[PDB]
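Let us start with two forms of the same protein chain, each given on its own as structure tokens and named structure 1 and structure 2.
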Structure 1
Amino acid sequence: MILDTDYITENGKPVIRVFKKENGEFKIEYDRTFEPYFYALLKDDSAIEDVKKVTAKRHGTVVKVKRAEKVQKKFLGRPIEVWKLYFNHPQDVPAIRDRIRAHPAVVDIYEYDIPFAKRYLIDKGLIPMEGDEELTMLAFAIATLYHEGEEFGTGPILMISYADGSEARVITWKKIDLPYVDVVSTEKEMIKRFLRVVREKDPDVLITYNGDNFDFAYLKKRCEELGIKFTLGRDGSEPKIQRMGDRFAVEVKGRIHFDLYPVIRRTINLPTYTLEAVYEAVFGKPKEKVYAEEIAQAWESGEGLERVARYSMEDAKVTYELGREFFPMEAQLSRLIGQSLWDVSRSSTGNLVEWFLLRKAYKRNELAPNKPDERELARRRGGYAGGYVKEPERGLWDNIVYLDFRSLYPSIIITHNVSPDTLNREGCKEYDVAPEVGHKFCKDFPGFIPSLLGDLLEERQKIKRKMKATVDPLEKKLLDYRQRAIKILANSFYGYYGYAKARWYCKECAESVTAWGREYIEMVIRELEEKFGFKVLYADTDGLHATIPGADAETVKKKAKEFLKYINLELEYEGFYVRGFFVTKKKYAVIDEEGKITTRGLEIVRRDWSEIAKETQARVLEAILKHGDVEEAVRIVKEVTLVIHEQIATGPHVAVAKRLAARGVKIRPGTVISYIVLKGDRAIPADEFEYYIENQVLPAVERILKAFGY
């Protein structure tokens, strides 16, 4: 099973390494035969010999074209002849890149920004995670000592906990009598012990929960200080930092760093994404939280470390569980997309599609379109994110059912051959035309995307069947993940078409799918109401919320079931809510059987919500959704009518910075500040102690109860 790839330089030349785990033993395959390249479309075939004379300089040395050959490919279905330019080193590309394009005899260049190691996987048709090989995993966490105004990584690490399917221990340098705690001499020795623990277990996967932005970075600093070499890599190398625009991402050569945050962030949707919230909102068990403060005072007092050690133990244990849960899915996805799970698990749906397409484009000799440049990206004025919207039915409704119709869109792309290479193609014998928008989509030939899209659904349907007709409990679970993976990819093409950075961007395609979509949604709504007497309260691009007024759960459910069998592209019943209410087009809140409330656009977006404004809301919305008591929630506001734990030149802001600075606290990035407001005198640090109504508790519950008539 292939886990990943990368390249190493040796005598100036690139050497690909393929990290695999076969029959229980880890291995590295090397390849010195792969040559990097990119394409050049000459505006004149005669100017080739000269274009190969262009050079650039890298590491003081001069780089030039190693070799150029003419090839025949198709750009958007139509024949094109381009020059495949070879080089000696992957790094040559970004150097000479722009200068070759700028050459007077060159129209444009393509496939010049595809990472060598990814390019290798594609051009070689290698698929990561191809089988059923058992992979070992180890989750790890750390507890550190922190004090306000402390530059990052300044304080030491108090404990390093780790866990796997067999145990969950804690490594610390202070005496603690727990059977799982392990006391050592110093911090340095504790870190050394960890690297030693990791080295003996030698896990294929290291699971963390935000290790991409905290854990690894911290250990790095401490290691830089205590003078240690953090050699977690299976090749003795240290963790490597990769910055991905927004945040950073850390890799550990030879192993898979599975950071559960980017994943759970997507896969699940909550109000708070803290480890406690996540574990609870998944396993339904509670997790006790021990804050930095207590940690410090407990360490600097030798009083109560049994608790912190428990929390550290739990962090690692709880991380291993979540990782064992979300890993099988991510592995199937990565296999479908054909890229490393390290990459896949960190990618957006728009990018999962793009990688799938790139691989397929290669298989079909389809030259790929470039990402949008600065200019072109400006033209797209943001892409297209329009969709079908309604106008909710006011009031608090019961036993709501949720119809998901994201499965519609892919059928529509296949059905009308919606693709950028079929749109308004001249000289076709047959065309389908988008209602209201009028984009024409040729049908004489199957388009690139529609064509792939069809294949996926075929594949998925094949699996679902092989899955129901199987005695192998393992295979069943396995196939279930793959079918669920295909669904994810399939349902991302619609959005991808309007995603502004997309190479195969197609606002028209997107607009047309939206048009045809409206039609269909219109028809099923009608059928729902008339033939089934259902009440549709809310509908948007993803699905609708509806109930049979005055009926019960058992029936509204029963009834909704048959409607699907009747009306069925498949429509999935994805949700039942004991209560709910919709304020407008995108604003609303629902509660389910287990009680897990949910909301959307119910208040203004800000990061300075006071503890009261927050606690008041949850109480208002809990009386309504959990008790259908409006007067209740309203009498809760009246009487309720204290800190602001803002995360990181406003009235309070400036005032707070002075007060902190006044005692040496520097406001550092990515930290939380806690103040109280009381109109450089507006606010005051929490520790040392009207607006709070008309700019706090009111705005938090203003929309909610406006919808109920107040």
Structure 2
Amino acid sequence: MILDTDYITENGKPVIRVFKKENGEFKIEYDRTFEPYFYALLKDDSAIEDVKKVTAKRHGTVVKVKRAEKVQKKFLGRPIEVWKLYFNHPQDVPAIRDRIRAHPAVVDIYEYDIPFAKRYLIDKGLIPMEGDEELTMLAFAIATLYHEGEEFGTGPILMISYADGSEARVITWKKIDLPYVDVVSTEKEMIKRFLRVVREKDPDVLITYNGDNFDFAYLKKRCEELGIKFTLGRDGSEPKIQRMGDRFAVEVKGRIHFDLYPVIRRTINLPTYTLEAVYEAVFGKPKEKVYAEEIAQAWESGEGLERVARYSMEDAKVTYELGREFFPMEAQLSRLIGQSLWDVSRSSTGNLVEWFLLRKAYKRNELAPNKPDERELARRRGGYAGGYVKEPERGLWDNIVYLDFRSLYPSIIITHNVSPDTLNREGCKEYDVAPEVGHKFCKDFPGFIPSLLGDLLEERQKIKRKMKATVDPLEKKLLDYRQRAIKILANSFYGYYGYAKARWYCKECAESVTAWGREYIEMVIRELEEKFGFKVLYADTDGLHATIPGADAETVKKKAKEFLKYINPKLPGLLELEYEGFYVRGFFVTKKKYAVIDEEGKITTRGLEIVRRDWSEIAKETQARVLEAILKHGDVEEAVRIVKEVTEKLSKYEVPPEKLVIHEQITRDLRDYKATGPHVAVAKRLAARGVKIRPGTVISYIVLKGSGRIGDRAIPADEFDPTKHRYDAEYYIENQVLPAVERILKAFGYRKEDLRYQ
């Protein structure tokens, strides 16, 4: 099983290294035969003579074209002649490429920015993570001495916990009478002890939660301060701090550093992303949090250190368990993209598509288009029309069926062959004409991307089957995640068409797909309402809620199933409308915002404050009980009672601070805020106190009593003291709770005045 590739340099020449685990044995395979290259398109092949003489000087050594050879390839399906330019070292490519491209006789150059080790994986047809090979895994975590306002890594590490299938232990340098703690003499010894555990357990995978940004950087800092070599790689090396825009990523050569945070952040929708919060959401159970001041208080006194050691040990065990649960998803993705697990688990979905496309293109002999330059970027800024959203019938509706297209946009792309290599192509024999926008797509031969989406849909269907059959709830949720991930990947191929930085960019494709989406959903609505007696209550892009007014439950279900048997045979190719759900009661507040209740009493909520991270819990909690009182009890006067009790509770300061907190992400550098809302305001004041804020920081705040701008009244959550200053009960009633519930109770004739406390 191939884990990774890289290259090192020996004698000025590149040597590729393949990291493999075969029959339980770790191997490093060396390939010295592989030659970096890119392609050049010429006005005429006589100019190759002059092009071959281009040189660059890098670090006082002349760089030259090692060898040129004329190759036949295809570009968007069409034949094309290019010159393959080989070189002696990968670094030769960035050094010479601009000067090759600037040559008068060179129309353009191609595939000049593919990393050499990944070029090797693609060109050699190697897929990481294939095989029954069993990998070993080890998680670790750290607990550190912390005081507000000190530089990173100033305080010593106090404990390094670690966990795998067998044990879960804490190394520390103070005496903790617990059975999983190993006390050693010094911090330096604690670390050197951790180093040996890893070397001797020899894990294939190293699992952390935010290790890319916290744990490994702290360890590196302590190692420098204590004079330790931080030897974790299987080749003896220290961890390699790669860079990835605003964040960092940490490699550990020969092993897979599996950092959970990017995957969890991508998969689970939480207001905050503490390890406790993530653990709770995946496994159901709570995790106690001990705090940096608690930790430091215990350490400087000797007392209460066993709560800290337990907390440390649970971090590792929980990290390991999260690691075990999500690893199969990342492995399969690794196989589907054809890149390392280390990459795919940190990759944007754009780069995942790009890397999948590059690999398939090599197998098809399709020269890849280039990422756009700044001028092509600017001519791609135009938008295009998206999906049809129907304004919902409002009020309370009974016996609601939900009908929804399977994998709609991918299914359109495949059925109508929507690809840049088939758009207005040649003199073709059959085409499909997109409605409204008119683009013609050749049907004589399969388009590049259309020919590839099918298998992604099968893979999802296969996982979906496994999911619907699985009874163990934990395994069913993880399987829900995997099938959602493959669905988002497949839809990302559609979005890629309209992605400005995309290689195989194609706005006509993108807008042809949406336009077909609109035609199909509107045809279904019209057939439902004008010929089968349904009232469509709501509809979005490719799904719709519908009922037969006045009919009983079993009539709606029977007529809905009848309609599907009628419509699906008139649908072309993979277009298929699915029976997706039935609800005894539902009500629709606005576009994107509704709630429905199934026959078992499960309320499904979409879009409403309940589901958002950035409303306070007290608003979300009240809306949930209102929703239950209406949808499950039909008792609207109880809903009202609920609201008035919560408004009276806020007025009397009887709601705890935690339900008052608001969570809002900083998405960009503070300097770049054209408008400064409350969360930004709080952020800027922390930034002024020397507190690192970066895109992805989640700000937690409460607004205090007062008036004026709300950002003027707002404070970090951790800093609210109910004794010293009281919270803005007025704010939470009129700006949080009442807008959340009145958008529902409006439909029953309640005005805000009916919900407040006198």
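Take the two forms, superpose them, and find the largest set of C-alpha atoms that agree within 1.5 Å; that set is the rigid core. Residue positions are counted from 1 along structure 1's sequence.
With the core superposed, a Cα shift of 2 Å or more between structures 1 and 2 singles out one residue among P286, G131, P79, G550. Which one is it?
Comparing both forms, the shifted residue turns out to be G550.
Would the C-alpha of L305 be classed as shifted by 2 Å or more between structures 1 and 2 after rigid-core alignment?
Moves: no, less than 2 Å.
Please say whether, between structures 1 and 2, the C-alpha of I8 moves by 2 Å or more once the core is aligned.
Not so; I8 is displaced by less than 2 Å.
If the two forms are fitted on the core, does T144 show a Cα displacement reaching 2 angstroms between structures 1 and 2?
After core superposition, the displacement of the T144 C-alpha between structures 1 and 2 stays below 2 Å, so no.
Cα shift of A485 between structures 1 and 2 after core superposition, in Å?
For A485, the alpha-carbon shift amounts to 6.5 Å.
Give the rigid core superposed Cα shift of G233 between structures 1 and 2, in Å, rounded to one decimal.
Shift of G233 at C-alpha, rigid core superposed: 0.1 Å.
If the core is used for the superposition, what shift in Å does the C-alpha of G454 show between structures 1 and 2?
Rounded to one decimal, the shift is 3.0 Å.
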